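Worksheet for the structure shown next.
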Amino acid sequence: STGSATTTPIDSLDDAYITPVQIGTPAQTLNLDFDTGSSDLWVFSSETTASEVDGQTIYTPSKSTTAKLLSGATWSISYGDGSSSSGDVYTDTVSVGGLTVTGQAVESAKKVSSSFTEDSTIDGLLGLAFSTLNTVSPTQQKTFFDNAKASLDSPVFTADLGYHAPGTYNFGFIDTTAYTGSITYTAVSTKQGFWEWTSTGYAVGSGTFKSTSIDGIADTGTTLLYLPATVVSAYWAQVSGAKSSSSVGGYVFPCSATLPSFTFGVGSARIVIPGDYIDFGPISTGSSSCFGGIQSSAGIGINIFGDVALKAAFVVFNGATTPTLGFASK
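Per this note's numbering: the sequence shown = residues -7 to 322.
Below, the structure written as structure tokens:
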């Protein structure tokens, strides 16, 4: 089997991407944030505290003939941005882009933090990291991908995120029309539960490539590119007037600037992030200070190849017995 679904930016900055997902019988379609940095499929629901729902579409298990309470199971998750959610668990039929999993754990939120409430466009998350990170207790649950894997034509999914435009998540096949040149594959460590890999270096603009190992995670659920302070300083040093602002929470730059590109290495291959991808616009409405899309990972504890990086590439998440990651230009 295979699946193919379009993913759409939630706003004009590509802050996140939503993908429609069919849950239950008859189908209830919710727009979920596919997150390769976590491993829970959770939704706004009829159980979510009413004051914490503001415009989201909810899953109502009592209206699904295939829903079953997973008795005694609870879940609770905290994300790198400080947001969180928790609740109980149903199993139900879940379909993505024509690919159907029966008996998928659908984690129903009883509580969500303010950032979720305030984002009316995201109805929940669909985790695509390794199932060892799943938070359901006392019986850990499998991700949608893990459940689908044995039925897939090939044990892979691909992320093809757009810049200010829709893109695609495919399951079970590699669309050879969706990228240019060849795909370069690189080793993955699953030790921390992430799609963790080592970039071979970077360049700023038309500058020379610096060969250096940068361990990080491929994370579709993180907006920006978070890299070591040395790398980030080297990038922003090439933008007149750019500076790190503790008050704002990172590097800002004059909105009048033209940003240089940023290149990262994948083996001997190179992925180029155009400068425009690194512009996250005014820090507040009408400001002439703009927020940067490359930020320091210092104090996160891990480097994160978030959407800024991933949307510059066609990315293969190879979930074979020995997992790997593939990157191609597009």
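Where a beta carbon is used, it is the ideal one built from N, C-alpha and C, also for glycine.
Review point. What are the residues that DSSP puts in a beta bridge with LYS202?
Key: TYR194
**Study point:** Outcome for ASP84 when other beta-carbon atoms lying within 10 angstroms are tallied against a minimum of 16
**Key:** buried
Review point. Between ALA305 and the ligand PLP, is the CB less than 7 Å from at least one heavy atom?
Key: Absence of the ligand PLP is noted for the structure shown, with no ligands found whatsoever.
Check your understanding: Which ranges does the beta strand (DSSP E) cover as unbroken runs of at least 3 residues, wholly within the segment 233 to 321, from first to last along the chain?
Key -> 235 to 237, 242 to 246, 254 to 258, 261 to 265, 271 to 274, 281 to 284, 286 to 288, 295 to 297, 306 to 310 and 316 to 320
Check your understanding: Which parts of the segment 2 to 38 are runs of the beta strand (DSSP E), unbroken and 3 residues or longer, counting only runs that do not cross its ends?
Key -> 9 to 15, 20 to 27 and 33 to 35
Point to revise | Inter-stretch contact (C-beta, 8 Å, three-pair minimum) for the segment 60 to 67 and the segment 123 to 133 | key: yes
Exercise for review: With DSSP as the reference, please indicate the residues paired to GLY74 in a beta bridge.
Suggested key: DSSP output for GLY74 lists no bridge partner at all.
Practice item. Compare the C-alpha of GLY185 against each of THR28, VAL264 and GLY16 and name the closest. Key: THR28
Point to revise | Environment of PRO1 [buried if 16+ CB atoms lie within 10 Å] | key: buried
Point to revise | Straight-line gap, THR(-6) to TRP187 (C-alpha atoms, nearest Å) | key: 21 Å
Point to revise | Contact set for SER123: own chain, Cβ-Cβ below 6 Å, skip 5 residues either direction | key: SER31, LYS134, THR135 and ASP138
Review point. In the structure shown, what three-state DSSP assignment does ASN126 receive?
Key: coil
Check your understanding: What residue range is occupied by the uninterrupted beta strand (DSSP E) comprising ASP152?
Key -> 148 to 152
Review point. Going straight from the alpha carbon of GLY173 to that of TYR71, what length do you get?
Key: 35 Å
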